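K.L.:
Starting from these lines, generate the structure:
(4 chains, ligands or ions: 1)
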Amino acid sequence: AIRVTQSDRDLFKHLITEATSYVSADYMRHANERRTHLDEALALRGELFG
Amino acid sequence: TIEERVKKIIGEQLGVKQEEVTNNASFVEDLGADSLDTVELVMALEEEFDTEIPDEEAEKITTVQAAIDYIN
Amino acid sequence: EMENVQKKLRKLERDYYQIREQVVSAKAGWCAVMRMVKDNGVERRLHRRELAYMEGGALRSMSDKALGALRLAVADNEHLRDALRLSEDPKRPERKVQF
Amino acid sequence: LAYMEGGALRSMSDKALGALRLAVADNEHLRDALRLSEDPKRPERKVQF
Ligand SMILES: *P(=O)(O)OCC(C)(C)[C@@H](O)C(=O)NCCC(=O)NCCS
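P.N.:
Residues are numbered from 1 along each chain as shown, chains lettered A, B, ... in the order given. Please find the structure below.
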């Protein structure tokens, strides 16, 4: 039982951590860049209006 | 037409269904558009009709009815 | 002087319109991107908000390193491997969500 | 490669370095060269590696 559980725990830990890192990174960069573009657009809009 | 272009824009800027977006469908509650979502929605609406809205006049708009009213 | 300044004003108007259009398209795409992860991926796994304070470069670099490892990790499952390999295309991001 | 932008080059380099880290666990020498070269501002380092 110990062997089975150890093997499966290690495998799931590894795969989950790697996949999460990989995919959340691209997601979060998309999000941050969209936010930054919005911020830049707001700055431009305010300066243009002024 | 304008009254359907508004729904198209609102939907694809919030992901909400065409049915959910009635004239009275308030964005923050009915469509769940939060601060940046509301800003982006007004941005896309300005793009759709290549027109600009005053800051206070733009923020005043918070409902599909008010949005169309200002647009038309 | 004022006319000279209005010249810069018009240039800035053009720039702002460009930025506006870009952000509009970005939000339109992100809508479907979110509605993919909207299926219970967002909460604690795919969205990681602590990462909000870094730039595209670092995120992409670490993503590439993670993929370099994961591809060997996913050597087994052919269809999962295919999802990984295809989503490897940065131009079509939501693939990686589906993967 | 002149016909691609810097972002693509950086992505490719990092993607290669990932598999390199996985593989190099065998040899100390290549591992040391890697652990020194991976920093950006030391291209010569990578070359030695
Ligand atoms: P959300 O809670 O992130 O809020 C976004 C925002 C309403 C603060 C933003 O869209 C905004 O309006 N920023 C600019 C405010 C303004 O009128 N600034 C003056 C010109 S720079």
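
K.L.:
How about the contacts made by the residue of chain C at minimum distance from chain D?
P.N.:
The minimum distance from chain C to chain D, using CB to the nearest CB, falls at residue C:68 (2.2 Å). C-beta: built from backbone N, CA, C; applies to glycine. Residues counted as contacts of residue C:68 (CB atoms under 8 Å, 6 or more residues apart in numbering or on different chains) are D:14, D:15, D:16, D:17, D:18, D:19, D:20, D:21, D:22.

K.L.:
If we use 6 Å, what do you get?
P.N.:
D:15, D:18, D:19 (CB atoms under 6 Å, 6 or more residues apart in numbering or on different chains).

K.L.:
In TSV, list those residues along with distance to residue B:22 and secondary structure.
P.N.:
Listed next are the contacts of residue C:68 as TSV, based on distance: CB to CB, whole Å; DSSP: H, G, I helix; E, B strand; the rest coil:
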residue	distance to residue B:22	secondary structure
D:15	48	helix
D:18	50	helix
D:19	54	helix
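
K.L.:
follow-up on the earlier one: excluding chain neighbours, what is closest to the residue of chain C closest to chain D?
P.N.:
residue D:18 (2.2 Å; CB to CB, 6 or more residues apart in numbering or on different chains).

K.L.:
What is the neighbour count of residue B:63?
P.N.:
By other CB atoms under 10 Å in any protein chain shown, 18 other residues sit near residue B:63.

K.L.:
how about residue A:45, phi and psi?
P.N.:
Here is the backbone geometry of residue A:45 (degrees, to the nearest 10): phi -60, psi -50.

K.L.:
In chain A, which residue sits nearest the ligand?
P.N.:
residue A:46 (2.6 Å; CB to the nearest ligand atom).

K.L.:
and the gap between that residue and residue B:55?
P.N.:
Noted for residue A:46: a distance of 8 Å to residue B:55, by CB to CB, to the nearest Å.

K.L.:
Can you give me the distance of residue B:15 to the ligand?
P.N.:
Look at residue B:15 and the ligand: by CB to the nearest ligand atom, to the nearest Å, they are 18 Å apart.
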